[PDB]
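Q: kindly return the folded structure for what I paste below:
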Amino acid sequence: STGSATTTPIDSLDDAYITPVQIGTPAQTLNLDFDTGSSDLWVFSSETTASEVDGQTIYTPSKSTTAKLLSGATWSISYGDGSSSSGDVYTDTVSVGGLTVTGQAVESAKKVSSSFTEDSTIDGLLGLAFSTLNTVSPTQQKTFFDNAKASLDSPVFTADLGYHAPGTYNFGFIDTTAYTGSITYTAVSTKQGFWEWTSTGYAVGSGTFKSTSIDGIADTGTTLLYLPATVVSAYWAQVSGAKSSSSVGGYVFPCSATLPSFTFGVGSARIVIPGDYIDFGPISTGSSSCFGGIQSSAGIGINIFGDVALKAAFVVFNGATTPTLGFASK
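A: Numbering: from 1, shown residues only. Shown next is the structure:
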């Protein structure tokens, strides 16, 4: 089997991407944030504290003839951005782009943190990291991909995120029309439950490539590119007037600037992030200070190849017995 679904930016900045997901019978379609940095499929629901729901579409398990309470199971998750959610668990039929999993754990939120409430466009998350990170207790549950994998034509999914435009998540096949040149594959460590890999270096604009190993995670659920402070300083030094602002929470730059590109290495291959991808616009409405899309990972504890990086590539998440990651230009 295969599946193919379009993923759509939630706003003009590509702060996140939503993908429609069918849950239950008859289908209830929710727009979920596909997150290769976590491993829970959770949704706003009829059980979510009413004051914490503000415009989201909810899953109502009592209206699904295939929903079953997973007795005794609870979940609770905290994300790197400080947000969180928790609740109980149903199993139900879940379909993405024509690919159907029966008996998928659908984690129903009883509580969500304010950032989730305040984002009316995201109805929940669909985790695509390794199932070892799944938070369901006392019986850990499998991700949608893990459940689907054996049925797929090939045990892979691909992320093809757009810049200020829709893109595609495919399951079970590699669309050879969706990228240019070849796909370069690179080793993955699953030790921390992430799609963790090592970039071979970077360049800023038309500058020389610096060969240096940068361990980090491919994370579709993180907006920005978080890299070591040395790398990030080298980038922003090429933008007149850019500075790290403790009050804003990262590098800012004059909105009048033209940003240089940023290149990262994948083996001997190179992925170029155009400068415009690194612009996250005014820090507040009407400001001439703009927020940068490359930020320091210092104090996160891990480097994160988030959407800023991934949207410059066609990315293969290869879930073979020994997982790997592939990157192509597009």
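Q: got the end-to-end distance for stretch 45-56?
A: End-to-end distance of stretch 45-56: 9 Å, with CA to CA, to the nearest Å as the criterion.
Q: okay, and the closest residue to residue 79 other than its chain neighbours sits in which element?
A: Counting by CB to CB, 6 or more residues apart in numbering, the nearest residue to residue 79 once its immediate chain neighbours are dropped is residue 38, at 6.8 Å. (Each C-beta comes from the backbone N, C-alpha and C, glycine too.) For residue 38, there is no enclosing helix or strand under DSSP states H and E.
Q: so residue 38 touches residue 220, yeah?
A: No - using CB atoms under 8 Å, residue 38 is not in contact with residue 220; the gap is 10.0 Å.
Q: for the nearest residue to residue 118 once chain neighbours are set aside, which residues are in contact?
A: In space, and not counting its chain neighbours, residue 118 is closest to residue 54: 6.9 Å by CB to CB, 6+ apart. If you count contacts by CB atoms under 8 Å, 6 or more residues apart in numbering, residue 54 has them with 117, 118, 120.
Q: for PyMOL, what selects the buried ones among the residues you listed?
A: Selection of buried members from the contacts of residue 54 for PyMOL, criterion 16 or more other CB atoms under 10 Å:
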select buried, resi 117
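Q: for the contacts of residue 54, which one is nearest residue 213?
A: Nearest to residue 213 among those, counting by CB to CB, is residue 118 at 38.1 Å.
Q: distance check, that closest one against residue 199.
A: 33 Å (CB to CB, to the nearest Å).
Q: same thing with residue 106?
A: 35 Å.
Q: and those two? Which one has more around it.
A: Of the pair residue 106 and residue 199, residue 106 is the one with more neighbours under other CB atoms under 10 Å, namely 29 against 22.
Q: which phi and psi does that one have?
A: Dihedral angles of residue 106 (phi, psi; degrees, to the nearest 10) stand at phi -110, psi 110.
Q: which residues touch it?
A: 23, 41, 42, 43, 59, 61, 67, 89, 90, 91, 92, 94.
Q: now do 6 Å
A: 23, 90, 92 (CB atoms under 6 Å, 6 or more residues apart in numbering).
Q: ranking by neighbours, what's the top pick from those residues?
A: Neighbour-wise, the contacts of residue 106 (other CB under 10 Å) top out at residue 23, 27 neighbours.
Q: was I right to think it contacts residue 61?
A: No - in this structure, residue 23 is not within contact of residue 61 by CB atoms under 6 Å, at 8.9 Å.
Q: can you list the domains in this structure?
A: What the record gives for the chain is the domain set 5-174, 175-330, from curated CATH domains.
Q: what about the shortest one, start to end distance?
A: Start to finish, the residues bounding domain 175-330 are 12 Å apart (CA to CA).
Q: this completes my enquiry, with thanks.
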